[PDB]
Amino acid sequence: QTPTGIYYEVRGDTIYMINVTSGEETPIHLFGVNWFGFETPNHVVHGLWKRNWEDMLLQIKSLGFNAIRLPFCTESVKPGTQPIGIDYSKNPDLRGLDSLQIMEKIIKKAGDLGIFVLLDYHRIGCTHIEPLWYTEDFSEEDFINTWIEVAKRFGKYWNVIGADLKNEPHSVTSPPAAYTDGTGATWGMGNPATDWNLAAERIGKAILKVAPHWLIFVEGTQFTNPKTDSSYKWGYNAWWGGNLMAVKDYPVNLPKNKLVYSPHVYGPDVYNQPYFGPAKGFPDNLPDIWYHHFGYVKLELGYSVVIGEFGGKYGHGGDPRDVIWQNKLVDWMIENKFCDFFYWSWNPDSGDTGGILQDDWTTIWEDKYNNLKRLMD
């Protein structure tokens, strides 16, 4: 039931932490940020050439966040992988540690601060996000076995809440080809080798056997099947990991008390969507679009929906509509009680969105942050 004393579960659309000895249950809310880098060639969260790792976590907590989504790639979790680009005058207690041991130390430190950790298997290699949870050289079985290994080790950390099974299932060709060509993820197509809804069941079953106290976060794909995508005018314009329109007719076959749907949603800095045009109704058209792409999964179907990435430059060397976009998304999350989320990103070094920190790795964007803080209170 649990190697830590704590068991996480969803009841309706809310996540709970259960102390299994005392029987006590407390609803939790994830006020979260992404701190990325373990899924990259650095093999460590970024910024440690400019900051001490613990000070960063203190800074994160001081801003009211209580959760971190931690991307990793396969190699970062294998013992013996070396990190690159750490300033060790600033991080002397990292001297000698490989990527995995830095990950343990960070999660343990986060735990000491009450901060929840969502582990996110973000890339299989360490360069880019594959459309599928396998590659020519890395099979599904390999992918699953890595999760089992990660689950065995990190399931012993009280604050690790579970597994975001694969970052951004998506496509690399257009429809209608993308539905059948084998190169990109689908949902509801029928083929269990491309259908992310089916694979999520296989992979989450395997993790729940070794970490039964975890949550399984399942993201959207980009396209699902042609009937579902055609049923909505903006069906073909959801984000990577952002299309959950198929959940209704093709729900992932896992225990409802262990499952969280986790869409990503982005503004004009990531892609100049046609629906960001004022001529097409922006920003007042947005609630309906979010509602169709993912928000009905909570508001109509009653599942927990935790937005696993959203963000943008908020008018700092980006498209100024992003300010309007982020305000309207925060308003809508607040109106509809989407109170669980992970902002992308803590890091400034995200080329199309920037982050909460500015390029100095030290100072925050006060305005971007103040707008988000409304979710936190």
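By rigid core we mean the largest C-alpha set that fits within 1.5 Å across both forms. Each residue number is its position in the shown sequence, starting from 1.
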Item checked: Greatest C-alpha divergence in 4 other deposited structures of this protein once each structure is fitted on the rigid core, 17 to 25 or 365 to 373 -> 17 to 25
Item checked: Mean C-alpha temperature factor, higher of 92 to 100 and 106 to 114 -> 92 to 100
Check: Do the CA atoms of 72 to 80 or those of 283 to 291 have the higher mean B-factor in the entry?
Finding: 72 to 80
Check: Whose CA atom has the top B-factor in the entry, of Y232, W158, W187, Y261?
Finding: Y232
Check: At the C-alpha atoms, which of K209, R202, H170, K248 reaches the highest B-factor in this entry?
Finding: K209
Note to self: Lowest, middle or highest third: which one holds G317 when the chain's residues are ordered by CA B-factor from the entry?
What the structure shows: highest
Check: In terms of the chain's CA B-factor thirds, is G308 lowest, middle or highest?
Finding: lowest
Check: Split the chain's modelled residues into thirds by Cα B-factor; is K61 in the lowest, middle or highest one?
Finding: lowest
Checklist line | Chain-relative CA temperature factor third for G162 | finding: lowest
Next item on the list: Quick one: classify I15 as lowest, middle or highest third of the chain based on its Cα B-factor.
Entry: lowest
